[PDB]
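Please read the structure below before turning to the comments.
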Amino acid sequence: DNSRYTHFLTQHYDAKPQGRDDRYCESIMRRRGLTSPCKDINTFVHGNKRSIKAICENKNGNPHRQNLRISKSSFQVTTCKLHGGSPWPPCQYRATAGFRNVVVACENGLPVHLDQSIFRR
């Protein structure tokens with residue numbers, strides 16, 4: 001299909017975040033349907049879509065590892081990390097805002113996966 005890109009946007013894209021504190025994470029993780037069960041860690045990329053899609057080409061990306069592409073430019077991002085002992089709501093999240101390049105996988109010139117490993121830090 002082409003729904004994997006749409007799904008990437010739902011899970012990992014927020015053009016203009018409001019605050020990027022804990023409450024930001026707790027709200028958007030709900031809004032985007034990521035709390036049943038609670039996703040343990042999830043990162044949102046900010047800014048415009050075109051820069052992110054550009055990672056899929058030489059314009060803003062380099063091949064990376066075995067199935068991945070890494071951006072040349074840095075993005076504002078926010079990482080939401082699950083807090084507390086339970087996998088189930090209420091989902092408490094700690095927010096970590098950051099600014100760096102991102103790793104994705106691309107299909108047909110569109111990002112379809114965000115590599116969360118670089119934000120487990």
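Simple scheme: letters A, B, ... for chains in structure tokens order, numbers from 1 for residues in each chain, numbers from 1 for ligands in the order shown.
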* **Expected answer as a count of residues only: alpha helix (DSSP H) residues in chain A** => 25
* To do: Determine, counting only C-alpha atoms, which protein, DNA and RNA residues have an atom within 9 Å of an atom of range 5-11 of chain A; residues of the same chain fewer than 5 positions away are not included. Present the result as number ranges by chain.
  => A: 29, 32-34, 42-44, 49, 106-107, 110-114
Residue subset to file, keeping N, CA and C atoms, as a PDB file, in the first residue's frame:
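Result went into out-v8.pdb, see below:
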ATOM      1  N   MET A  29       0.946  10.758  23.079  1.00  0.00           N
ATOM      2  CA  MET A  29       1.003   9.307  23.050  1.00  0.00           C
ATOM      3  C   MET A  29      -0.425   8.743  23.061  1.00  0.00           C
ATOM      4  N   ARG A  32      -2.263   9.709  19.506  1.00  0.00           N
ATOM      5  CA  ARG A  32      -1.759   8.952  18.368  1.00  0.00           C
ATOM      6  C   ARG A  32      -2.024   7.463  18.542  1.00  0.00           C
ATOM      7  N   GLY A  33      -2.810   7.119  19.562  1.00  0.00           N
ATOM      8  CA  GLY A  33      -3.198   5.736  19.816  1.00  0.00           C
ATOM      9  C   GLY A  33      -2.048   4.805  20.176  1.00  0.00           C
ATOM     10  N   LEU A  34      -1.148   5.259  21.045  1.00  0.00           N
ATOM     11  CA  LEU A  34       0.034   4.464  21.375  1.00  0.00           C
ATOM     12  C   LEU A  34       0.080   4.010  22.829  1.00  0.00           C
ATOM     13  N   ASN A  42       9.119   6.176  22.580  1.00  0.00           N
ATOM     14  CA  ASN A  42       8.663   6.637  21.278  1.00  0.00           C
ATOM     15  C   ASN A  42       9.156   8.035  20.997  1.00  0.00           C
ATOM     16  N   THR A  43       9.679   8.247  19.798  1.00  0.00           N
ATOM     17  CA  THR A  43      10.258   9.545  19.482  1.00  0.00           C
ATOM     18  C   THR A  43       9.493  10.275  18.371  1.00  0.00           C
ATOM     19  N   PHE A  44       9.201  11.549  18.606  1.00  0.00           N
ATOM     20  CA  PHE A  44       8.583  12.396  17.594  1.00  0.00           C
ATOM     21  C   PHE A  44       9.591  13.354  16.967  1.00  0.00           C
ATOM     22  N   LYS A  49       7.540  18.164   6.895  1.00  0.00           N
ATOM     23  CA  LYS A  49       7.621  16.810   6.370  1.00  0.00           C
ATOM     24  C   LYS A  49       8.700  16.673   5.298  1.00  0.00           C
ATOM     25  N   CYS A 106      13.484   3.678   4.466  1.00  0.00           N
ATOM     26  CA  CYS A 106      12.641   4.237   3.413  1.00  0.00           C
ATOM     27  C   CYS A 106      12.140   3.161   2.446  1.00  0.00           C
ATOM     28  N   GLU A 107      10.919   3.348   1.962  1.00  0.00           N
ATOM     29  CA  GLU A 107      10.371   2.539   0.878  1.00  0.00           C
ATOM     30  C   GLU A 107       9.772   3.475  -0.155  1.00  0.00           C
ATOM     31  N   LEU A 110       9.825   7.179   0.598  1.00  0.00           N
ATOM     32  CA  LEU A 110       9.107   7.620   1.790  1.00  0.00           C
ATOM     33  C   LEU A 110       9.588   6.876   3.035  1.00  0.00           C
ATOM     34  N   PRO A 111       9.707   7.590   4.170  1.00  0.00           N
ATOM     35  CA  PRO A 111      10.103   6.954   5.430  1.00  0.00           C
ATOM     36  C   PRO A 111       8.992   6.073   5.975  1.00  0.00           C
ATOM     37  N   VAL A 112       9.337   4.877   6.436  1.00  0.00           N
ATOM     38  CA  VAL A 112       8.320   3.927   6.896  1.00  0.00           C
ATOM     39  C   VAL A 112       8.636   3.360   8.277  1.00  0.00           C
ATOM     40  N   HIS A 113       9.740   3.816   8.863  1.00  0.00           N
ATOM     41  CA  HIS A 113      10.241   3.276  10.123  1.00  0.00           C
ATOM     42  C   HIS A 113      11.157   4.325  10.724  1.00  0.00           C
ATOM     43  N   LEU A 114      11.078   4.501  12.040  1.00  0.00           N
ATOM     44  CA  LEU A 114      12.042   5.313  12.783  1.00  0.00           C
ATOM     45  C   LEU A 114      12.832   4.368  13.677  1.00  0.00           C
TER      46      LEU A 114
END
All residues 12 Å or closer to residue 93 in chain A, only C-alpha atoms, same chain fewer than 6 positions away omitted, as a PDB file with C-alpha atoms, in the first residue's frame:
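Final file, around13.pdb:
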ATOM      1  CA  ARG A  20       7.631  19.063  24.829  1.00  0.00           C
ATOM      2  CA  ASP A  21       7.399  18.361  28.586  1.00  0.00           C
ATOM      3  CA  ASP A  22       6.050  15.201  30.305  1.00  0.00           C
ATOM      4  CA  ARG A  23       2.467  16.385  29.784  1.00  0.00           C
ATOM      5  CA  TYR A  24       3.209  16.825  26.095  1.00  0.00           C
ATOM      6  CA  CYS A  25       4.226  13.147  25.834  1.00  0.00           C
ATOM      7  CA  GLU A  26       1.304  11.826  27.896  1.00  0.00           C
ATOM      8  CA  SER A  27      -1.137  13.695  25.653  1.00  0.00           C
ATOM      9  CA  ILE A  28       0.331  12.963  22.225  1.00  0.00           C
ATOM     10  CA  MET A  29       1.003   9.307  23.050  1.00  0.00           C
ATOM     11  CA  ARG A  30      -2.755   9.081  23.712  1.00  0.00           C
ATOM     12  CA  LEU A  34       0.034   4.464  21.375  1.00  0.00           C
ATOM     13  CA  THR A  35      -1.109   3.633  24.893  1.00  0.00           C
ATOM     14  CA  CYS A  38       1.831   1.684  26.675  1.00  0.00           C
ATOM     15  CA  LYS A  39       4.691   1.966  24.146  1.00  0.00           C
ATOM     16  CA  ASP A  40       7.913   1.789  26.183  1.00  0.00           C
ATOM     17  CA  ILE A  41       9.767   4.469  24.190  1.00  0.00           C
ATOM     18  CA  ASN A  42       8.663   6.637  21.278  1.00  0.00           C
ATOM     19  CA  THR A  43      10.258   9.545  19.482  1.00  0.00           C
ATOM     20  CA  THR A  78      11.110  14.677  21.544  1.00  0.00           C
ATOM     21  CA  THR A  79      11.503  11.270  23.070  1.00  0.00           C
ATOM     22  CA  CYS A  80       8.742   9.894  25.271  1.00  0.00           C
ATOM     23  CA  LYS A  81       9.888   7.186  27.668  1.00  0.00           C
ATOM     24  CA  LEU A  82       7.521   4.990  29.694  1.00  0.00           C
ATOM     25  CA  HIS A  83       7.725   5.369  33.460  1.00  0.00           C
ATOM     26  CA  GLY A  84       6.300   3.124  36.180  1.00  0.00           C
ATOM     27  CA  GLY A  85       5.991  -0.626  36.550  1.00  0.00           C
ATOM     28  CA  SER A  86       2.965  -1.318  34.356  1.00  0.00           C
ATOM     29  CA  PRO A  87       2.553  -1.882  30.582  1.00  0.00           C
TER      30      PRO A  87
END
* To do: Could you pull out the residues in chain A that DSSP calls strand (DSSP E or B) from the backbone, as a PyMOL selection string?
  => chain A and resi 13+35+38+41-45+61-64+68-71+75-83+92-100+103-107+110-114
* To do: In Å, rounded to a single decimal, give me how far CA of residue 48 in chain A is from CA of residue 17 in chain A.
  =>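 Answer for the CA of residue 17 in chain A to CA of residue 48 in chain A separation: 11.7 Å.
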* Asked: Which residue out of A:4, A:59, A:121, A:53 has the minimum interatomic distance to residue 98 in chain A when only C-alpha atoms are used?
  ->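 Comparing A:4, A:59, A:121, A:53 against residue 98 in chain A, the winner is A:121.
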* Atom-to-atom span, CA of residue 73 in chain A and CA of residue 31 in chain A, Å ->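 Pair CA of residue 73 in chain A / CA of residue 31 in chain A returns 27.8 Å.
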* Considering only C-alpha atoms, return as a PyMOL selection string whatever protein or nucleic-acid residues lie within 6 Å of residue 61 in chain A, sequence-local ones (same chain, fewer than 6 positions apart) excluded. => chain A and resi 55+70-72
Those selected residues, please, written with N, CA and C atoms and delivered as a tab-separated table (two decimals), in the first residue's frame.
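Okay, this is what ended up in again.tsv:
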chain	number	residue	atom	x	y	z
A	55	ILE	N	15.43	12.57	3.60
A	55	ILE	CA	16.41	11.61	4.10
A	55	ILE	C	16.47	10.38	3.19
A	70	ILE	N	20.51	7.59	7.28
A	70	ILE	CA	20.73	8.55	8.36
A	70	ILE	C	20.76	9.96	7.81
A	71	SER	N	20.05	10.86	8.47
A	71	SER	CA	19.88	12.19	7.93
A	71	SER	C	21.19	12.95	8.03
A	72	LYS	N	21.38	13.87	7.09
A	72	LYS	CA	22.48	14.81	7.12
A	72	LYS	C	22.18	16.00	8.05
* To do: Just give me the gap between CA of residue 58 in chain A and CA of residue 45 in chain A in Å, one decimal is fine.
  =>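 Value for the CA of residue 58 in chain A-CA of residue 45 in chain A distance: 19.5 Å.
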* To do: Check the smallest atom-to-atom distance from each of A:66, A:105, A:75, A:88 to residue 47 in chain A using only C-alpha atoms, then report the winner.
  =>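 Looking only at the distances to residue 47 in chain A, the closest residue turns out to be A:75.
With distances restricted to only C-alpha atoms, A:77 is the closest residue to residue 13 in chain A from A:77, A:56, A:118, A:68.
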